[PDB]
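A.B. asks: First portion of the complex, with coordinates as positioned in the assembly:
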Amino acid sequence: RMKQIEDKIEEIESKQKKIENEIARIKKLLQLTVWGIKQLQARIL
Amino acid sequence: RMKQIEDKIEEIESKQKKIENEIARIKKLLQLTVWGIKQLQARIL
């Protein structure tokens, strides 16, 4: 059982790294959109 | 103890699925905003 628990923990950790990588990508795209809205607002005002 | 560990792992996995679902929703809304900034920019230029 301890063994199956150990391999399950590795699969949860693997998934956590995939999630972390997805968040990093989202954060950068989100920062690009914030910059984009800023230039558009500055141009129309 | 192995038992409590097993039920704890299920709660961590449950939480991981909730996180995954939240990211999927964020990704789609983020893609809608990127499209939105694109139409606004195209219209003002």
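C.D. replies: Cool, the structure landed. Numbers count the residues shown, from 1 in each chain, chains lettered A, B, ... in the order given.

A.B. asks: Can you name the residues of chain A sitting close to chain B?
C.D. replies: Proximity of chain A to chain B (C-beta under 8 Å from any C-beta of the partner chain) is limited to residues A:1-2, A:5, A:8-9, A:12, A:15-16, A:19, A:22-23, A:26, A:29-30, A:33, A:36-37, A:40, A:43-44. Placement of C-beta: from N, CA and C, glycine included.

A.B. asks: could you flag which of the residues you listed are buried?
C.D. replies: Among those, the ones that count as buried by 16 or more other C-beta atoms under 10 Å in any protein chain shown are A:8, A:15, A:22, A:36, A:40.

A.B. asks: coming back round to it: sort out for me which of the residues of chain A next to chain B are in strands.
C.D. replies: If you go by DSSP state E, the residues of chain A next to chain B have nothing in strands.

A.B. asks: hmm, back to that, which single one of the buried ones among the residues of chain A next to chain B is nearest to chain B?
C.D. replies: Within the set of those, residue A:36 lies nearest chain B; the separation is 4.7 Å, counting by C-beta to the nearest C-beta.

A.B. asks: Append chain C to the structure above:
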Amino acid sequence: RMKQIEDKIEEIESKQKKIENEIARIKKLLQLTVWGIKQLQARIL
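C.D. replies: So that you can see how it sits with the rest, here is chain C on the chains above:
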């Protein structure tokens, strides 16, 4: 081994809370950008 598993689970849970906090922050900034695109569109139309 059960012991190392227990401390590993706590580290996975710690990481899950950091992820949850990051998502909450992303969600609020994403809602600010949606509001921003709305005001810009309303102004140019």
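
A.B. asks: Extract the C-alpha trace of stretch A:3-11 and format it as CSV.
C.D. replies: Written as CSV, here are the backbone C-alpha positions of stretch A:3-11 (Å, rounded to 0.1, in the frame of the first residue of the first chain):
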residue,chain,number,x,y,z
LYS,A,3,4.2,1.8,-2.4
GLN,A,4,1.0,2.7,-4.3
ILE,A,5,0.8,5.8,-2.1
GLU,A,6,4.3,6.8,-3.1
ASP,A,7,3.6,6.5,-6.8
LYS,A,8,0.3,8.3,-6.4
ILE,A,9,2.1,11.2,-4.7
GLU,A,10,4.5,11.4,-7.6
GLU,A,11,1.5,11.7,-10.0
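
A.B. asks: and it with chain C, contact?
C.D. replies: Yes: against chain C, stretch A:3-11 shows contacts by C-beta under 8 Å from any C-beta at A:5-6, A:9.

A.B. asks: Among the residues you listed, name the ones in helices.
C.D. replies: Counting by DSSP state H, the part of the residues of stretch A:3-11 next to chain C found in helices is A:5-6, A:9.
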